[PDB]
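The block underneath contains the structure these notes are about, expressed in structure tokens.
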Amino acid sequence: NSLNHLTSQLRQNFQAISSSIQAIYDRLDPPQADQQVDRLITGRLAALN
Amino acid sequence: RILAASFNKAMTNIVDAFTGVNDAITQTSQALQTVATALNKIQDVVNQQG
Amino acid sequence: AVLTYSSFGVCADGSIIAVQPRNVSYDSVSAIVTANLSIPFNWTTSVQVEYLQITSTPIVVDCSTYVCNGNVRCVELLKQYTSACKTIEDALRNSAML
Amino acid sequence: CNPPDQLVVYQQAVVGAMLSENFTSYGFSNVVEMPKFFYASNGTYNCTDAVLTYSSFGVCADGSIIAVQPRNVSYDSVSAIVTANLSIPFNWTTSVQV
Amino acid sequence: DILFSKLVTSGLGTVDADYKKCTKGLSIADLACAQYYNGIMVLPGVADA
Amino acid sequence: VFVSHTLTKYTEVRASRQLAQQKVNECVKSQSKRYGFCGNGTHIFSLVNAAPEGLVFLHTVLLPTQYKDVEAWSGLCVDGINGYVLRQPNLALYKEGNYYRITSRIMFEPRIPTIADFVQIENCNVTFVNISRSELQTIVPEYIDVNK
Amino acid sequence: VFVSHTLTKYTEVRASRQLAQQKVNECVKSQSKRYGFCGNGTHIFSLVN
Amino acid sequence: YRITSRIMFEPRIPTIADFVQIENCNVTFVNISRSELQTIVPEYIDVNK
Amino acid sequence: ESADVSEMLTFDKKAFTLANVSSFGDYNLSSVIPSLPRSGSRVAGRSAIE
Amino acid sequence: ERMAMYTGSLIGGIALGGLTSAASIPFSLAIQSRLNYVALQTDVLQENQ
Ligand SMILES: *[C@@H]1O[C@H](CO)[C@@H](O[C@@H]2O[C@H](CO)[C@@H](O[C@@H]3O[C@H](CO)[C@@H](O)[C@H](O)[C@@H]3O)[C@H](O)[C@H]2NC(C)=O)[C@H](O)[C@H]1NC(C)=O
Ligand SMILES: *[C@@H]1O[C@H](CO)[C@@H](O[C@@H]2O[C@H](CO)[C@@H](O[C@@H]3O[C@H](CO)[C@@H](O)[C@H](O)[C@@H]3O)[C@H](O)[C@H]2NC(C)=O)[C@H](O)[C@H]1NC(C)=O
Ligand SMILES: *[C@@H]1O[C@H](CO)[C@@H](O[C@@H]2O[C@H](CO)[C@@H](O)[C@H](O)[C@H]2NC(C)=O)[C@H](O)[C@H]1NC(C)=O
Ligand SMILES: *[C@@H]1O[C@H](CO)[C@@H](O[C@@H]2O[C@H](CO)[C@@H](O)[C@H](O)[C@H]2NC(C)=O)[C@H](O)[C@H]1NC(C)=O
Ligand SMILES: *[C@@H]1O[C@H](CO)[C@@H](O[C@@H]2O[C@H](CO)[C@@H](O)[C@H](O)[C@H]2NC(C)=O)[C@H](O)[C@H]1NC(C)=O
Ligand SMILES: *[C@@H]1O[C@H](CO)[C@@H](O[C@@H]2O[C@H](CO)[C@@H](O)[C@H](O)[C@H]2NC(C)=O)[C@H](O)[C@H]1NC(C)=O
Ligand SMILES: *[C@@H]1O[C@H](CO)[C@@H](O[C@@H]2O[C@H](CO)[C@@H](O)[C@H](O)[C@H]2NC(C)=O)[C@H](O)[C@H]1NC(C)=O
Ligand SMILES: *[C@@H]1O[C@H](CO)[C@@H](O[C@@H]2O[C@H](CO)[C@@H](O)[C@H](O)[C@H]2NC(C)=O)[C@H](O)[C@H]1NC(C)=O
Ligand SMILES: *[C@@H]1O[C@H](CO)[C@@H](O)[C@H](O)[C@H]1NC(C)=O
Ligand SMILES: *[C@@H]1O[C@H](CO)[C@@H](O)[C@H](O)[C@H]1NC(C)=O
Ligand SMILES: *[C@@H]1O[C@H](CO)[C@@H](O)[C@H](O)[C@H]1NC(C)=O
Ligand SMILES: *[C@@H]1O[C@H](CO)[C@@H](O)[C@H](O)[C@H]1NC(C)=O
Ligand SMILES: *[C@@H]1O[C@H](CO)[C@@H](O)[C@H](O)[C@H]1NC(C)=O
Ligand SMILES: *[C@@H]1O[C@H](CO)[C@@H](O)[C@H](O)[C@H]1NC(C)=O
Ligand SMILES: *[C@@H]1O[C@H](CO)[C@@H](O)[C@H](O)[C@H]1NC(C)=O
Ligand SMILES: *[C@@H]1O[C@H](CO)[C@@H](O)[C@H](O)[C@H]1NC(C)=O
Ligand SMILES: *[C@@H]1O[C@H](CO)[C@@H](O)[C@H](O)[C@H]1NC(C)=O
Ligand SMILES: *[C@@H]1O[C@H](CO)[C@@H](O)[C@H](O)[C@H]1NC(C)=O
Ligand SMILES: *[C@@H]1O[C@H](CO)[C@@H](O)[C@H](O)[C@H]1NC(C)=O
């Protein structure tokens with residue numbers, strides 16, 4: 001139950017374009033992609049906590 | 001006989017300590033101190049469920 | 001002192017004083033030796049109180065009603081979060097049964 | 001419009017339901033009134049053993065709801081020093097507890 | 001009874017709701033019935049009096 | 001967040017519930033000698049009552065109020081070749097006036113010395129009571145020197 | 001989140017504090033015959049610092 | 001003969017107070033007569049006989 | 001947390017005065033006995049292990 | 001301060017033997033008394049100390 005909750009949290013977009021980090025860098029310039037990746041970083045660190 | 005008389009006195013002070021009619025003198029004994037500790041723990045539990 | 005924390009305490013008028021440990025006379029193992037021994041001779045009965053919590057009111061929550069408020073369209077969106085409601089409901093129900 | 005209900009499952013089957021209204025819902029044919037809810041089951045209330053329990057409530061295999069009672073045991077006692085007839089264990093059996 | 005009345009009555013605390021009265025509507029729902037509408041069900045105490 | 005709050009509280013209650021069951025089995029149903037488990041003195045009996053979300057225990061213990069001084073001795077040495085010590089280590093032999101008595105070290109329970117109260121050992125101590133077979137009656141009133 | 005960290009740690013300390021009080025009453029003041037409570041052999045006396 | 005504690009080797013001279021009488025004997029018991037009981041219990045004097 | 005810790009911390013002036021190194025004879029207990037207060041205003045200090 | 005008084009009292013309590021007028025006993029007697037609690041001592045000269 002604990003592992004399934006942590007792995008499923010990887011599918012969340014956290015109000016970003018996509019949950020895949022590579023997809024963001026394939027669609028935007030680094031100045032704009034970094035701001036959207038930060039949403040995934042903060043959201044995923046919350047799941048680890 | 002002395003044991004029974006002492007037990008009856010202690011039981012009376014326990015009920016007095018639960019109500020509060022001897023609050024200003026409850027510090028005179030460690031036995032009455034345990035009642036204060038018990039009441040504090042029950043009060044915490046009663047103030048925590050909600 | 002009526003209120004205490006660590007080494008500090010306050011009395012009824014509000015003065016702050018240093019609190020001291022309670023006086024207790026430790027019991028001792030009587031020695032097997034030719035000497036003068038002190039043995040308890042008279043007794044008094046003391047009653048002491050202890051409180052221990054043994055139960056907590058179990059609470060169960062229906063995941064569908066709490067998040068969707070009964071909205072039919074909302075419950076269809078909730079089904080995408082396959083592991084969300086099942087994990088919450090299972091955790092609460094098992095704890096209540098045990 | 002649709003408040004939540006509770007379903008009782010036993011051996012992969014629904015044996016009863018707890019309802020807030022006096023309706024024979026979920027296809028059950030019998031309904032009884034409990035202190036704080038209605039109970040719908042299909043059973044006949046001619047049982048005394050509960051397969052599932054919670055607090056003071058239990059359900060039999062057929063789904064009838066009954067009040068569970070504390071387990072009856074015989075407490076051990078301190079054999080007093082007095083001139084009278086005393087009872088002393090004479091036979092013993094071996095029991096294994098897990 | 002002293003330890004159950006002298007201390008603050010848990011009217012605002014965990015008291016199970018009469019589900020049979022919450023859906024009748026014969027009176028405006030109290031704190032217990034209001035929580036039932038949000039899916040919160042306080043089960044009866046295991047320590048039966 | 002609510003599940004985290006409830007699960008944490010179940011851990012607190014589960015620990016306290018196990019202690020309460022141990023106190024029911026060891027302080028209420030039985031009499032305990034484990035110091036400090038059922039009060040701070042000599043345990044006699046305990047009572048229990050229902051409390052909000054729990055149990056309340058009323059431990060009944062004995063606290064000493066007065067003490068008695070006795071001139072105790074380690075043992076007896078008879079004829080300088082026979083050594084005797086008390087059968088139980090919690091017993092003490094003491095002199096009261098012209099006679100001798102045996103008492104428990106925990107509670108003052110006077111007892112008349114009997115030959116079954118002693119255990120014979122190979123050697124003697126300097127601190128043992130010097131006595132001969134003929135005078136051992138002063139310590140053990142029932143003793144009779146049959147062989148003499 | 002901080003309240004959760006402190007309360008969880010207080011659970012660990014509360015359980016370990018009770019064990020410490022039992023070891024003070026049974027191993028330090030008195031002599032214990034409970035096997036394994038105050039070492040792995042015959043207990044004589046215990047010290048605390 | 002000597003008597004010792006099983007927990008610690010503490011030799012002791014056998015005294016009549018160290019024994020408890022039972023109804024029957026067992027085949028593995030040490031067979032003596034009343035006349036020779038002194039060899040086991042040095043303080044035993046046969047008053048009768 | 002401050003209430004149940006205070007209950008555990010008891011004191012006995014009678015037993016405390018036996019904290020000499022001389023009370024134990026051949027048993028070296030100097031590593032655990034309290035240290036002598038350097039300049040008053042206190043009754044004891046940390047031992048050689050603490 | 002309270003810790004030093006707490007641990008100091010417990011260490012000193014091992015040297016109490018219940019003597020009249022609170023007189024201290026030689027520590028050899030304290031060990032002998034605690035040994036007797038395990039088994040009744042018959043070694044009169046206490047060579048094992
Ligand atoms: C177990 O608990 C008792 C109860 O508190 C511990 O303290 C002792 O309690 C009695 C009263 O119940 C004290 O008696 C009083 O002492 C002062 C001494 O000057 C005297 O003025 C009073 O008239 C009365 O006799 C007793 O002294 C007190 N012990 C100490 C050291 O103050 C008791 O010590 C506890 N025992 C154990 C083994 O934990
Ligand atoms: C410990 O657990 C055992 C069971 O594992 C308890 O034994 C049960 O004790 C009750 C009360 O004595 C017995 O009930 C009585 O049985 C007789 C014969 O059937 C009947 O005439 C009485 O009216 C009553 O039903 C029960 O049969 C017995 N069960 C077993 C398996 O021995 C025991 O009481 C428990 N002891 C403690 C101290 O908790
Ligand atoms: C135990 O205490 C008794 C008194 O209760 C002591 O008796 C005194 O002993 C001294 C020895 O020099 C005499 O001068 C006194 O006259 C005695 N007093 C009485 C009233 O007889 C005794 O010495 C103590 N014994 C031990 C072994 O400690
Ligand atoms: C214990 O029980 C025995 C019987 O097992 C009692 O003996 C009876 O005593 C009365 C005394 O008036 C006699 O009338 C009966 O004839 C006796 N019965 C037998 C079978 O001898 C005895 O009284 C009881 N004693 C106690 C102290 O409880
Ligand atoms: C057994 O004898 C020894 C001596 O062989 C006793 O020890 C003496 O006891 C007195 C009184 O406390 C001391 O003043 C002596 O200094 C001790 N001598 C030694 C060599 O330690 C001992 O007390 C006796 N033991 C028992 C259990 O009676
Ligand atoms: C019991 O008698 C013995 C002697 O059989 C006494 O022990 C002697 O005491 C004197 C005086 O101090 C010493 O000079 C001897 O060397 C001791 N001899 C032995 C073998 O210990 C002893 O004092 C007497 N006991 C009592 C309690 O008075
Ligand atoms: C003590 O005496 C009894 C006498 O009966 C001995 O037991 C007998 O041993 C013989 C030889 O093995 C058997 O044939 C008898 O049938 C035994 N009788 C009993 C009591 O069953 C016993 O062995 C002797 N024990 C010792 C150690 O001397
Ligand atoms: C008891 O032990 C203490 C601590 O180990 C001893 O003190 C030490 O003694 C050695 C002797 O070589 C010195 O080097 C250390 O510097 C001392 N340390 C301290 C902190 O004082 C002490 O000598 C021992 N005493 C006895 C009687 O055995
Ligand atoms: C405990 O004992 C000390 C003296 O050793 C005394 O000063 C103190 O007041 C006593 N009790 C309390 C409760 O402070
Ligand atoms: C024990 O103390 C009580 C209370 O002071 C007293 O009434 C009683 O007589 C005393 N008993 C003895 C045997 O000294
Ligand atoms: C519930 O319905 C049954 C069947 O119609 C009826 O007999 C009973 O009186 C009803 N009870 C209540 C409390 O409505
Ligand atoms: C319960 O019994 C009724 C009675 O007709 C039956 O029709 C329904 O199928 C049964 N279903 C269950 C749950 O047993
Ligand atoms: C109830 O159960 C008993 C025992 O199985 C059975 O004999 C009886 O027919 C049932 N019905 C009634 C009304 O007692
Ligand atoms: C326990 O005892 C009660 C009262 O004597 C009795 O009615 C009941 O049938 C017994 N058994 C159970 C399981 O409650
Ligand atoms: C004890 O009970 C058993 C059956 O449980 C029986 O076989 C045995 O003979 C009994 N013993 C006595 C001594 O009554
Ligand atoms: C035997 O009894 C007499 C009294 O008839 C008594 O003088 C004598 O001392 C007793 N014998 C012993 C060894 O005490
Ligand atoms: C003492 O008892 C023995 C028997 O145990 C006997 O033979 C002896 O003669 C008696 N007298 C003496 C002085 O040993
Ligand atoms: C001694 O034994 C004989 C039998 O050998 C018996 O008659 C006598 O009564 C016994 N002595 C006593 C004092 O009973
Ligand atoms: C030990 O006791 C003596 C008594 O004279 C005292 O001088 C000494 O300072 C005490 N030790 C400590 C460490 O306080």
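Residues are referred to by chain and number: the chain letter is A, B, ... according to the order shown in the structure tokens, the number counts from 1 in that chain, and ligands are numbered separately from 1 in the order shown.
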
**OP:** Any chance you could list, as number ranges by chain, the residues in chain A that come up alpha helix (DSSP H) when DSSP is run on the backbone?
**Re:** A: 2-8, 21-25, 30-48

Mind dumping the selected residues with C-alpha atoms as a compact mmCIF listing (two decimals), in the first residue's frame?
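This is the output file result-v6.txt:
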# COMPACT_ATOMS: atom_id res chain seq x y z
CA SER A 2 2.80 2.45 0.82
CA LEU A 3 4.78 1.68 -2.35
CA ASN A 4 1.73 1.82 -4.64
CA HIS A 5 0.87 5.27 -3.29
CA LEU A 6 4.40 6.54 -3.97
CA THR A 7 4.68 5.10 -7.49
CA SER A 8 1.23 6.32 -8.53
CA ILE A 21 10.21 15.78 -17.59
CA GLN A 22 11.59 14.95 -21.04
CA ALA A 23 8.33 16.08 -22.65
CA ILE A 24 8.69 19.57 -21.16
CA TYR A 25 12.25 20.02 -22.46
CA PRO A 30 15.05 26.22 -21.03
CA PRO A 31 13.93 29.59 -19.56
CA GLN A 32 10.28 28.47 -19.64
CA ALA A 33 10.74 24.73 -19.13
CA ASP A 34 12.61 25.23 -15.86
CA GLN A 35 9.64 27.07 -14.34
CA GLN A 36 7.33 24.17 -15.22
CA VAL A 37 9.76 21.47 -14.05
CA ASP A 38 9.90 23.14 -10.63
CA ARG A 39 6.23 22.19 -10.24
CA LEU A 40 7.12 18.50 -10.61
CA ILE A 41 10.08 18.82 -8.23
CA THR A 42 8.03 20.35 -5.42
CA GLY A 43 5.11 17.98 -5.96
CA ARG A 44 7.26 14.84 -6.03
CA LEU A 45 9.26 15.88 -2.96
CA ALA A 46 5.94 16.19 -1.11
CA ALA A 47 5.13 12.59 -2.07
CA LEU A 48 8.47 11.42 -0.65

Original post:
Would you name the residues within 9 Å of ligand 5, counting only C-alpha atoms and all ligand atoms, and put them as a list in words?
Top reply: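 Using only C-alpha atoms and all ligand atoms, I find these residues within 9 Å of ligand 5: residues 31, 32, 33, 34 and 35 of chain C; 73, 74, 75, 124, 125, 126, 127 and 128 of chain F; 25, 26, 28, 29, 32, 33, 41, 43, 44, 45 and 46 of chain J.
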
Please dump the current selection as a PDB file, in the first residue's frame; keep N, CA and C atoms.
ATOM      1  N   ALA C  31      20.840  -6.131  55.251  1.00  0.00           N
ATOM      2  CA  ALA C  31      22.080  -6.891  55.228  1.00  0.00           C
ATOM      3  C   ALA C  31      22.059  -8.019  56.246  1.00  0.00           C
ATOM      4  N   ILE C  32      22.661  -9.147  55.876  1.00  0.00           N
ATOM      5  CA  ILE C  32      22.819 -10.285  56.782  1.00  0.00           C
ATOM      6  C   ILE C  32      24.134 -10.047  57.516  1.00  0.00           C
ATOM      7  N   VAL C  33      24.054  -9.348  58.646  1.00  0.00           N
ATOM      8  CA  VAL C  33      25.235  -9.025  59.434  1.00  0.00           C
ATOM      9  C   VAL C  33      24.826  -8.808  60.882  1.00  0.00           C
ATOM     10  N   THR C  34      25.753  -9.100  61.790  1.00  0.00           N
ATOM     11  CA  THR C  34      25.572  -8.841  63.215  1.00  0.00           C
ATOM     12  C   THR C  34      25.693  -7.342  63.442  1.00  0.00           C
ATOM     13  N   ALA C  35      24.553  -6.673  63.555  1.00  0.00           N
ATOM     14  CA  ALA C  35      24.504  -5.233  63.754  1.00  0.00           C
ATOM     15  C   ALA C  35      23.122  -4.878  64.288  1.00  0.00           C
TER      16      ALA C  35
ATOM     17  N   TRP F  73      21.798 -10.792  64.824  1.00  0.00           N
ATOM     18  CA  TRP F  73      23.005 -11.597  64.735  1.00  0.00           C
ATOM     19  C   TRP F  73      22.978 -12.390  63.436  1.00  0.00           C
ATOM     20  N   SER F  74      24.170 -12.660  62.904  1.00  0.00           N
ATOM     21  CA  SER F  74      24.283 -13.357  61.628  1.00  0.00           C
ATOM     22  C   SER F  74      23.939 -14.839  61.737  1.00  0.00           C
ATOM     23  N   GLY F  75      24.283 -15.482  62.843  1.00  0.00           N
ATOM     24  CA  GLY F  75      23.991 -16.898  62.965  1.00  0.00           C
ATOM     25  C   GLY F  75      24.469 -17.447  64.288  1.00  0.00           C
ATOM     26  N   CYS F 124      32.068 -21.803  60.697  1.00  0.00           N
ATOM     27  CA  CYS F 124      31.574 -20.684  61.486  1.00  0.00           C
ATOM     28  C   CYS F 124      32.263 -19.359  61.151  1.00  0.00           C
ATOM     29  N   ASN F 125      31.610 -18.271  61.569  1.00  0.00           N
ATOM     30  CA  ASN F 125      32.115 -16.904  61.550  1.00  0.00           C
ATOM     31  C   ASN F 125      32.473 -16.442  62.953  1.00  0.00           C
ATOM     32  N   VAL F 126      33.306 -15.403  62.996  1.00  0.00           N
ATOM     33  CA  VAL F 126      33.703 -14.789  64.253  1.00  0.00           C
ATOM     34  C   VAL F 126      32.510 -14.089  64.896  1.00  0.00           C
ATOM     35  N   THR F 127      31.612 -13.542  64.073  1.00  0.00           N
ATOM     36  CA  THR F 127      30.416 -12.823  64.500  1.00  0.00           C
ATOM     37  C   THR F 127      29.258 -13.728  64.887  1.00  0.00           C
ATOM     38  N   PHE F 128      29.387 -15.044  64.757  1.00  0.00           N
ATOM     39  CA  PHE F 128      28.286 -15.897  65.165  1.00  0.00           C
ATOM     40  C   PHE F 128      28.173 -15.897  66.686  1.00  0.00           C
TER      41      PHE F 128
ATOM     42  N   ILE J  25      27.168   0.347  55.669  1.00  0.00           N
ATOM     43  CA  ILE J  25      27.795  -0.967  55.799  1.00  0.00           C
ATOM     44  C   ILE J  25      28.935  -1.114  54.799  1.00  0.00           C
ATOM     45  N   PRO J  26      29.946  -1.932  55.088  1.00  0.00           N
ATOM     46  CA  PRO J  26      30.981  -2.200  54.086  1.00  0.00           C
ATOM     47  C   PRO J  26      30.342  -2.770  52.830  1.00  0.00           C
ATOM     48  N   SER J  28      31.226  -4.961  50.855  1.00  0.00           N
ATOM     49  CA  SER J  28      31.282  -6.413  50.735  1.00  0.00           C
ATOM     50  C   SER J  28      30.008  -7.053  51.268  1.00  0.00           C
ATOM     51  N   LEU J  29      29.432  -6.472  52.321  1.00  0.00           N
ATOM     52  CA  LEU J  29      28.180  -6.977  52.873  1.00  0.00           C
ATOM     53  C   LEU J  29      27.018  -6.759  51.914  1.00  0.00           C
ATOM     54  N   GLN J  32      27.225  -9.409  49.339  1.00  0.00           N
ATOM     55  CA  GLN J  32      26.853 -10.682  49.949  1.00  0.00           C
ATOM     56  C   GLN J  32      25.346 -10.798  50.141  1.00  0.00           C
ATOM     57  N   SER J  33      24.690  -9.702  50.518  1.00  0.00           N
ATOM     58  CA  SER J  33      23.239  -9.722  50.677  1.00  0.00           C
ATOM     59  C   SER J  33      22.530  -9.924  49.346  1.00  0.00           C
ATOM     60  N   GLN J  41      23.630 -18.408  50.751  1.00  0.00           N
ATOM     61  CA  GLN J  41      25.078 -18.535  50.826  1.00  0.00           C
ATOM     62  C   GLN J  41      25.519 -19.372  52.018  1.00  0.00           C
ATOM     63  N   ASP J  43      29.162 -20.214  52.013  1.00  0.00           N
ATOM     64  CA  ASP J  43      30.549 -19.780  52.146  1.00  0.00           C
ATOM     65  C   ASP J  43      30.613 -18.717  53.236  1.00  0.00           C
ATOM     66  N   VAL J  44      31.146 -19.097  54.395  1.00  0.00           N
ATOM     67  CA  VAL J  44      31.188 -18.214  55.555  1.00  0.00           C
ATOM     68  C   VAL J  44      32.312 -17.187  55.453  1.00  0.00           C
ATOM     69  N   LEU J  45      33.449 -17.548  54.860  1.00  0.00           N
ATOM     70  CA  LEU J  45      34.572 -16.621  54.807  1.00  0.00           C
ATOM     71  C   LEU J  45      34.558 -15.688  53.598  1.00  0.00           C
ATOM     72  N   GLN J  46      33.662 -15.904  52.633  1.00  0.00           N
ATOM     73  CA  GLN J  46      33.485 -15.020  51.476  1.00  0.00           C
ATOM     74  C   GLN J  46      34.772 -14.797  50.674  1.00  0.00           C
TER      75      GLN J  46
END

**OP:** Report as a PyMOL selection string which protein, DNA and RNA residues come within 12 Å of ligand 11, using only C-alpha atoms and all ligand atoms.
**Re:** (chain D and resi 19-24+29-40) or (chain E and resi 20-21+24)

9 Å shell around ligand 18 using only C-alpha atoms and all ligand atoms, listed as a compact mmCIF listing (two decimals) with N, CA, C and O atoms, in the first residue's frame:
# COMPACT_ATOMS: atom_id res chain seq x y z
N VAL H 47 15.42 -41.77 68.27
CA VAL H 47 14.91 -41.79 69.63
C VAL H 47 14.19 -43.10 69.90
O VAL H 47 14.47 -43.79 70.89
N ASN H 48 13.25 -43.46 69.03
CA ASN H 48 12.64 -44.77 69.10
C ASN H 48 13.69 -45.80 68.68
O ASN H 48 14.71 -45.45 68.07
N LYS H 49 13.47 -47.06 69.05
CA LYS H 49 14.41 -48.16 68.83
C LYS H 49 15.62 -48.00 69.75
O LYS H 49 16.29 -48.99 70.06

**OP:** Rank nothing, just name the residue among B:21, B:45, B:31, B:39 nearest to chain C, using only C-alpha atoms.
**Re:**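 Among B:21, B:45, B:31, B:39, it is B:31 that comes nearest to chain C.
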
**OP:** Figure out the distance between atom CA of residue 31 of chain H and atom 21 (O, counted along the ligand's line) of ligand 7, please, to one decimal in Å.
**Re:**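 Taking atom 21 (O, counted along the ligand's line) of ligand 7 as the start and atom CA of residue 31 of chain H as the end point, the length is 12.2 Å.
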
**OP:** Enumerate residues in contact with ligand 3: an atom-to-atom distance of at most 9 Å, counting only C-alpha atoms and all ligand atoms. Format the result as a list in words.
**Re:**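 Those residues are residues 34, 35, 36 and 37 of chain C; 69, 70, 71, 72 and 73 of chain F; 19 and 20 of chain J.
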
Prev. selection, N, CA and C atoms, output as an mmCIF file, in the first residue's frame:
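Result saved to result.cif:
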data_model
loop_
_atom_site.group_PDB
_atom_site.id
_atom_site.type_symbol
_atom_site.label_atom_id
_atom_site.label_comp_id
_atom_site.auth_asym_id
_atom_site.auth_seq_id
_atom_site.Cartn_x
_atom_site.Cartn_y
_atom_site.Cartn_z
ATOM 1 N N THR C 34 25.753 -9.100 61.790
ATOM 2 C CA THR C 34 25.572 -8.841 63.215
ATOM 3 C C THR C 34 25.693 -7.342 63.442
ATOM 4 N N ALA C 35 24.553 -6.673 63.555
ATOM 5 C CA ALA C 35 24.504 -5.233 63.754
ATOM 6 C C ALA C 35 23.122 -4.878 64.288
ATOM 7 N N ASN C 36 22.835 -3.583 64.360
ATOM 8 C CA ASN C 36 21.539 -3.092 64.804
ATOM 9 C C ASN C 36 20.706 -2.800 63.563
ATOM 10 N N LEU C 37 19.588 -3.507 63.414
ATOM 11 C CA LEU C 37 18.726 -3.396 62.246
ATOM 12 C C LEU C 37 17.434 -2.657 62.565
ATOM 13 N N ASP F 69 13.994 -1.012 66.289
ATOM 14 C CA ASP F 69 15.401 -1.387 66.289
ATOM 15 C C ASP F 69 15.588 -2.696 67.042
ATOM 16 N N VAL F 70 16.339 -3.618 66.447
ATOM 17 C CA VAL F 70 16.635 -4.912 67.050
ATOM 18 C C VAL F 70 18.114 -5.227 66.879
ATOM 19 N N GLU F 71 18.708 -5.825 67.908
ATOM 20 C CA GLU F 71 20.109 -6.246 67.888
ATOM 21 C C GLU F 71 20.170 -7.614 67.223
ATOM 22 N N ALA F 72 20.418 -7.615 65.919
ATOM 23 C CA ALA F 72 20.427 -8.831 65.123
ATOM 24 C C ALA F 72 21.804 -9.486 65.089
ATOM 25 N N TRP F 73 21.798 -10.792 64.824
ATOM 26 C CA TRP F 73 23.005 -11.597 64.735
ATOM 27 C C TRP F 73 22.978 -12.390 63.436
ATOM 28 N N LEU J 19 20.513 -0.344 58.299
ATOM 29 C CA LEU J 19 21.019 -0.278 59.661
ATOM 30 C C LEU J 19 20.341 0.819 60.469
ATOM 31 N N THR J 20 20.314 0.616 61.781
ATOM 32 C CA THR J 20 19.803 1.615 62.703
ATOM 33 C C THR J 20 20.718 2.834 62.685
#

**OP:** Grab me every residue within 8 Å of ligand 16, counting only C-alpha atoms and all ligand atoms, and send it over as a PyMOL selection string.
**Re:** chain F and resi 137+141-145

Export N, CA, C and O atoms of the chosen residues as a PDB file, in the first residue's frame?
ATOM      1  N   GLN F 137      19.210 -24.413  74.480  1.00  0.00           N
ATOM      2  CA  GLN F 137      17.801 -24.284  74.832  1.00  0.00           C
ATOM      3  C   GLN F 137      17.408 -22.825  75.014  1.00  0.00           C
ATOM      4  O   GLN F 137      16.276 -22.446  74.695  1.00  0.00           O
ATOM      5  N   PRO F 141      13.839 -22.982  72.392  1.00  0.00           N
ATOM      6  CA  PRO F 141      13.158 -23.573  73.554  1.00  0.00           C
ATOM      7  C   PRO F 141      12.777 -25.036  73.410  1.00  0.00           C
ATOM      8  O   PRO F 141      12.692 -25.738  74.424  1.00  0.00           O
ATOM      9  N   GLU F 142      12.534 -25.526  72.202  1.00  0.00           N
ATOM     10  CA  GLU F 142      12.164 -26.923  72.022  1.00  0.00           C
ATOM     11  C   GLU F 142      13.347 -27.878  71.941  1.00  0.00           C
ATOM     12  O   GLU F 142      13.137 -29.093  72.008  1.00  0.00           O
ATOM     13  N   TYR F 143      14.570 -27.380  71.803  1.00  0.00           N
ATOM     14  CA  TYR F 143      15.717 -28.266  71.641  1.00  0.00           C
ATOM     15  C   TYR F 143      15.988 -29.091  72.892  1.00  0.00           C
ATOM     16  O   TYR F 143      15.895 -28.596  74.018  1.00  0.00           O
ATOM     17  N   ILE F 144      16.322 -30.361  72.680  1.00  0.00           N
ATOM     18  CA  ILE F 144      16.684 -31.293  73.742  1.00  0.00           C
ATOM     19  C   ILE F 144      17.943 -32.017  73.296  1.00  0.00           C
ATOM     20  O   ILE F 144      17.970 -32.601  72.207  1.00  0.00           O
ATOM     21  N   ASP F 145      18.984 -31.981  74.125  1.00  0.00           N
ATOM     22  CA  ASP F 145      20.220 -32.700  73.817  1.00  0.00           C
ATOM     23  C   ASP F 145      20.004 -34.167  74.159  1.00  0.00           C
ATOM     24  O   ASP F 145      20.354 -34.638  75.238  1.00  0.00           O
TER      25      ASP F 145
END

**OP:** Name each residue within 12 Å of ligand 13, counting only C-alpha atoms and all ligand atoms, as a PyMOL selection string.
**Re:** chain D and resi 43-49

Original post:
Please, which residues of chain C lie no more than 8 Å from chain F when the count uses only C-alpha atoms, and can they be set out as a ChimeraX atom specification?
Top reply: /C:30,32-57,88,91-92,95

Original post:
Pick the closest to ligand 2 from D:73, D:79, D:96, D:84: which is it, counting only C-alpha atoms and all ligand atoms?
Top reply: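 Ranking D:73, D:79, D:96, D:84 by distance to ligand 2, first place goes to D:73.
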
Original post:
What do you get as a PyMOL selection string if you pick all residues at most 12 Å from ligand 8, counting only C-alpha atoms and all ligand atoms?
Top reply: chain I and resi 21-33+35+47-49

**OP:** Please identify every polymer residue within 7 Å of ligand 14, using only C-alpha atoms and all ligand atoms, and present the set as a list in words.
**Re:** residues 69, 70, 71 and 72 of chain D
